[PDB]
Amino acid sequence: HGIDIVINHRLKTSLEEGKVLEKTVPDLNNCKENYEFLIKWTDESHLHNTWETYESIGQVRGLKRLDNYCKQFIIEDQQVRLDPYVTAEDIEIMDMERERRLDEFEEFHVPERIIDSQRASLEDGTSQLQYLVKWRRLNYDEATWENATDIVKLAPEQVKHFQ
């Protein structure tokens, strides 16, 4: 359960909008204090992505990934945006680049097909059905085993076509 990919950031809960509206470039300390980050975890499909702060992720593997995300997608971004000789072109190109990128991650929590189905034996007396899910636009290497009853909540037609 480490950081695989950082996908996005947004203003931190319980913090005034004003804080991320300043016309100066944030520091890395600004990044940790002002934002939450949408984390894709190493052990898990995009279905299990979560927004965290630096404080809530705690002592985690893959931290340099969070730092690098901050450097590129907040700090350098804001160097370009807040530059005195920034152009209207630059802004539109950066906006469309970001949108295109976020649009692609949106694919990855959608099942394309369900590939296989095993039932798991739990430590208790009990058992739970699992589906091997191929995700949209991710390859077969990234198909993951998921709880069957989550997949039915998420993708009832794809489970029907299963059956």
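Residue numbers run from 1 along the displayed sequence.
Asks: Given the B-factors recorded for C-alpha atoms, which segment has the greater mean, 122-130 or 40-48?
Replies: The stretch with the larger mean CA B-factor is 122-130.
Asks: Looking at the deposited entry, does 153-161 or 3-11 carry the larger mean Cα B-factor?
Replies: Between 153-161 and 3-11, it is 153-161.
Asks: Splitting the chain's C-alpha B-factors into thirds, which one does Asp95 fall into?
Replies: Middle third - that is where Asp95 ends up once the chain's C-alpha B-factors are sorted.
Asks: Looking at the temperature factor on the CA atom of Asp67, which third of the chain's modelled residues does it land in?
Replies: Ranked within chain, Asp67 CA B lands in the lowest tercile.
Asks: Going by the recorded CA B-factors, say which third of the chain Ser117 sits in, lowest, middle or highest.
Replies: Tercile = highest for this residue's CA B-factor.
Asks: Place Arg137 in the lowest, middle or highest third of its chain's C-alpha B-factors, as listed in the PDB entry.
Replies: Ranked within chain, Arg137 CA B lands in the highest tercile.
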